[PDB]
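[1] just the starting chains for now, same placement as in the complex:
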Amino acid sequence: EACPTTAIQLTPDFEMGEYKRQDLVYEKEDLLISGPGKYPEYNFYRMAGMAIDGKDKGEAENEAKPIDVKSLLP
Amino acid sequence: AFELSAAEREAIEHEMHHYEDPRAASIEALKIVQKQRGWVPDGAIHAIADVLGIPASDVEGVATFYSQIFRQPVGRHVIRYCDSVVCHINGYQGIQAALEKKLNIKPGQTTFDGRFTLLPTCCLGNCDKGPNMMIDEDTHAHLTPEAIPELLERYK
């Protein structure tokens, strides 16, 4: 409910019993599945304003291209 | 690199004589550089800052604040058509469409050969004679879309 990227999800799976209590500490490779899970299309970085690879400034949703202050338009 | 000429520096100093603060000649120094070079390049900001004794951030803020100080390269002639309300009533849209069709550019852009740069401007104070358009030094009034090619031809 807290996740703003829909990254963390609770799956319909319950068989998680273990022999050692230390083996119930799941690291990132034990959690990161290879697909989108319950939310199949949401991409936070498609909405965020911060620039990453493949998505420059002004390429997010509802964003205009940046206008330089040196531009000739009034 | 950039270097102010002697004439530019003399004009800037003579403008500095007219005010009790040398900062007050920043607009006129930018306009002097713009008259001599068509626009204000990047080194001109630091040169004017060194002459006036004010930070380059202040000169850059003045240069980017005012619309008629060009911080990007322009063409040989700056077409400035009035897009304000009285010229809107008098139909500047025909003038803008004629200029776009003749020059094959969008407003704010420059032609391939650097001849004209198309810009909308504010009200030119000639509303009773609209639509008006100010090329480099001359204001042209009572404009019609069929008189645009005959008016642009005299500006080589």
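    Cool, the structure landed. Numbers count the residues shown, from 1 in each chain, chains lettered A, B, ... in the order given.

[2] got the residues of chain A near chain B?
    Applying C-beta under 8 Å from any C-beta of the partner chain, one finds that chain A approaches chain B through A:68, A:69, A:70, A:71, A:72, A:73, A:74. C-beta coordinates here come from the backbone N, C-alpha and C atoms, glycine included.

[3] turn the residues you listed into CSV, columns for secondary structure, neighbour count and distance to residue A:36.
    Formatted as CSV, the residues of chain A next to chain B follow (DSSP: H, G, I helix; E, B strand; the rest coil; neighbours: other C-beta atoms under 10 Å in any protein chain shown; distance: C-beta to C-beta, whole Å):
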residue, secondary structure, neighbour count, distance to residue A:36
A:68, coil, 11, 37
A:69, coil, 11, 40
A:70, coil, 15, 42
A:71, coil, 13, 40
A:72, coil, 21, 45
A:73, coil, 11, 41
A:74, coil, 13, 46
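
[4] show me the contacts for residue A:38.
    Contact analysis of residue A:38 by C-beta atoms under 8 Å, 6 or more residues apart in numbering or on different chains lists A:6, A:9.

[5] for it, pull up the helix or strand it's in.
    Remark: residue A:38 resides in no helix or strand, with elements defined by DSSP states H and E.

[6] quick check: phi and psi at it.
    As for residue A:38, its main-chain torsions (degrees, to the nearest 10) stand at phi -80, psi -20.

[7] now do the contacts for residue 72.
    Picking chain A for this. Taking C-beta under 8 Å, 6+ apart as the test, what residue A:72 contacts is B:70, B:72, B:74, B:108, B:117, B:119.

[8] actually it's chain B I care about, not the one you picked
    Residue B:72 sits in contact with A:68, A:70, A:71, A:72, B:39, where contact means C-beta under 8 Å, 6+ apart.

[9] next up, chain C:
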Amino acid sequence: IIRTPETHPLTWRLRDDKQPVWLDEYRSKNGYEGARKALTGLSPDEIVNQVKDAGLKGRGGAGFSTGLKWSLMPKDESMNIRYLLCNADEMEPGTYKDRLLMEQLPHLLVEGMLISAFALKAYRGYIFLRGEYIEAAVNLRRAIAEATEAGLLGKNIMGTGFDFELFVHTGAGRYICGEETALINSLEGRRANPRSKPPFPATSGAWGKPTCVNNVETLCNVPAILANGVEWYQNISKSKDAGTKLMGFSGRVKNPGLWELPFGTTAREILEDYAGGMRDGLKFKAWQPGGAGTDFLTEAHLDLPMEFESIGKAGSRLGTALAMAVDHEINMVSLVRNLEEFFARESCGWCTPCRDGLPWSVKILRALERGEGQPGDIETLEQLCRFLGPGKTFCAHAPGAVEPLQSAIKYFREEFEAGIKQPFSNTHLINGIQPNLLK
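    Once chain C is put in with the chains from before, the structure reads:
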């Protein structure tokens, strides 16, 4: 129509070939006699009293009294470095009067500088002129050179001992520079952000010194008052606004132009006598009394005198009294879209309501133009008009920006409602999340 010096104190010495009147011709047509009388027989305080008693109001659009503005100057003799500034910016759309009065009668402006600077004890004067008035700048510089050659400017003017130097400062093309405190900031070579008041420019203005900013037309009204007296100026019109005013209609009329008329002249009188009415096949729809920053008025308001209180009580401002006539075929949404685009690009960016609320209105008006308006857009425009009023924003640019919008919404709401043609959608459906269906 003939123009006698008694009823046309600003335009009687104009020439029929639209050529400037130089120093010899100006002196032949009763030139610098008000300046001579003021500088050879009058104290500065009694000149300020004469201006205040003549009821000279400001011609820049605010309509404030000039004598009361000059009376705000300090009485201390220690502050002797004082400045007179001329708002020759004239950047308001629909205004074309100061261009005429400076291209054709520059020595009237120079004489007004002389008298007003002597009255204010102002040692320096600057004409803050826009950079698009090349001919006006050339004529003003030539007039200043001629007056310096004749001994009317510089040191020891006419043997009085009053030293006054006059400069022409060409602007760099920004509308907000017309605001007087922003004019002071742009004169100092800064970004033309306006200043909060108090303190007024009369206490600490240009470079912290006492500084009075006046319009071109006010300083051109000054020499007639000093030459022909106070009771003559009070007896020009039988109205509460004394003196004459440069009025005129523009836009789709038969004879768009500028004429000097006494206050109290109705706008229908100007339209149907001097402008000649609308052109062929055009029905008169609306009119702005005082330029781009004034409320629209309908044809029912056309029978109204062009005074400050009469236009103000109708729900508008007199402004520069240069009216613009809008005919029937002009779409109100497109006109207000153009106006708001101007006002939102000529913002100075200082304060949040103008800077971030005028572009929102611009985008809403673009959507209403394209038929892509959504429900709640007109309510957003109305709330913007209520929240950009006087005192909400840092200067008076945004109230003058929202006056045409609210007036066009008041009188032409059907077109704005006709702009709304699609349902309100702010979100998109995310696959996996059920939306909160608000009612």
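
[10] same as before for the contacts of residue A:38, with chain C this time.
    A:6, A:9, C:432.

[11] now residue C:110
    Applying C-beta under 8 Å, 6+ apart, one finds that residue C:110 lies in contact with C:140, C:143, C:144, C:147, C:152, C:153, C:166.

[12] what do you get if the cut-off is 7 Å, keeping everything else the same?
    The neighbours of residue C:110, taking C-beta atoms under 7 Å, 6 or more residues apart in numbering or on different chains as the test, are C:143, C:144, C:147, C:166.

[13] look at the third one and tell me its secondary structure.
    In three-state terms, and counting by DSSP: H, G, I helix; E, B strand; the rest coil, residue C:147 is helix.

[14] what does chain B put close to chain A?
    By C-beta under 7 Å from any C-beta of the partner chain, the residues of chain B that approach chain A are B:64, B:67, B:70, B:71, B:72, B:74, B:108, B:119, B:120, B:121, B:122.

[15] name the SS class of the closest residue to residue A:48 other than its chain neighbours, please.
    Of all residues not flanking residue A:48 in the chain, residue A:60 sits nearest, at 6.3 Å (C-beta to C-beta, 6 or more residues apart in numbering or on different chains). Secondary structure, three-state DSSP: residue A:60 is coil.

[16] hmm, residue A:51 and residue A:60 touching each other?
    No: at 8.9 Å, residue A:60 does not count as touching residue A:51 under the criterion of C-beta atoms under 7 Å.

[17] who has more neighbours out of these two?
    Higher neighbour count among residue A:60 and residue A:51: residue A:60, with 16 against 13, using other C-beta atoms under 10 Å in any protein chain shown.

[18] add chain D to the structure above:
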Amino acid sequence: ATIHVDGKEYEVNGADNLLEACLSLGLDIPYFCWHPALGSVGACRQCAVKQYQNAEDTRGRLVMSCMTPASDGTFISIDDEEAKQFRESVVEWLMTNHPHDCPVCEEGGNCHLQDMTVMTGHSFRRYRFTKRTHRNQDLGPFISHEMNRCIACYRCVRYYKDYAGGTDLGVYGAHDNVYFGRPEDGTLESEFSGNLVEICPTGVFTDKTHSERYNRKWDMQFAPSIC
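    With chain D now in place:
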């Protein structure tokens, strides 16, 4: 002096403005452009209260509490409906162009703009148009620059130029394309440039050294220490 806020009487210093006087008493007024050390300029228009002329006044007038002196016998209202609506409108206007960046923003959980968006009670977005964007500068090893998050409150330039005496950070541009930063890419030359990470109420100027090994403020173990 004596001020009457929402029908309650308080004794405040008369040399203070209304915003700092009411904040000293514990009254919550949102503010962006004002800072205690920088003075009052009245830019952001966020500190609006309703000032009445006297006790038996009903209309009032919206004023900026940072620009209004705390004179004797001053009647104001903070929680009036018109003042609350105007303050929420100012927050909304700041939110129209603000990027969708809080998860990936170093000021998240530490952001004055977040706190004032929540405090004015603005949580429903009805703006549907494009947001203006900006390109960032490289300000050196210490200060990271992200101009999208700017609310144009002029705190950075006022501190860096008027207070700190620096010369290489200004405001450039116009109407709503105002930009804050250096005239070119380069290191900020002030010895006190790092105070921008706390002067800026948004995530424009952030601690790059903290950003390389980042955690939120609620995860920090703090202590009072001496440099």
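
[19] repeat for the contacts of residue A:38, accounting for chain D.
    Applying C-beta under 7 Å, 6+ apart, the residues contacting residue A:38 are A:9, C:432.

[20] and it, how close does it get to chain B?
    Separation of residue A:38 from chain B (C-beta to the nearest C-beta, to the nearest Å): 46 Å.

[21] what do you get for residue D:92?
    To chain B, residue D:92 is 27 Å away according to C-beta to the nearest C-beta.

[22] can you check residue C:231 too?
    Going from residue C:231 to chain B by C-beta to the nearest C-beta gives 34 Å.

[23] kindly report the same for residue C:280.
    Distance from residue C:280 to chain B, by C-beta to the nearest C-beta: 15 Å.

[24] and if you look at residue C:93?
    Applying C-beta to the nearest C-beta to residue C:93 and chain B gives a distance of 4 Å.

[25] nearest residue to the closest residue to chain D within chain A in space, please, no chain neighbours.
    Checking chain A residue by residue against chain D with C-beta to the nearest C-beta singles out residue A:49 as nearest, at 2.5 Å. Distance criterion C-beta to C-beta, 6+ apart; nearest residue to residue A:49, sequence neighbours excluded, is residue D:99 at 2.5 Å.

[26] contacts only, for the most centrally placed residue in chain B.
    Centroid-nearest residue in chain B, with C-alpha atoms, centre = their mean: residue B:68, separated by 4.3 Å. For residue B:68, the contacting residues are C:131, C:172, C:173, by C-beta under 7 Å, 6+ apart.
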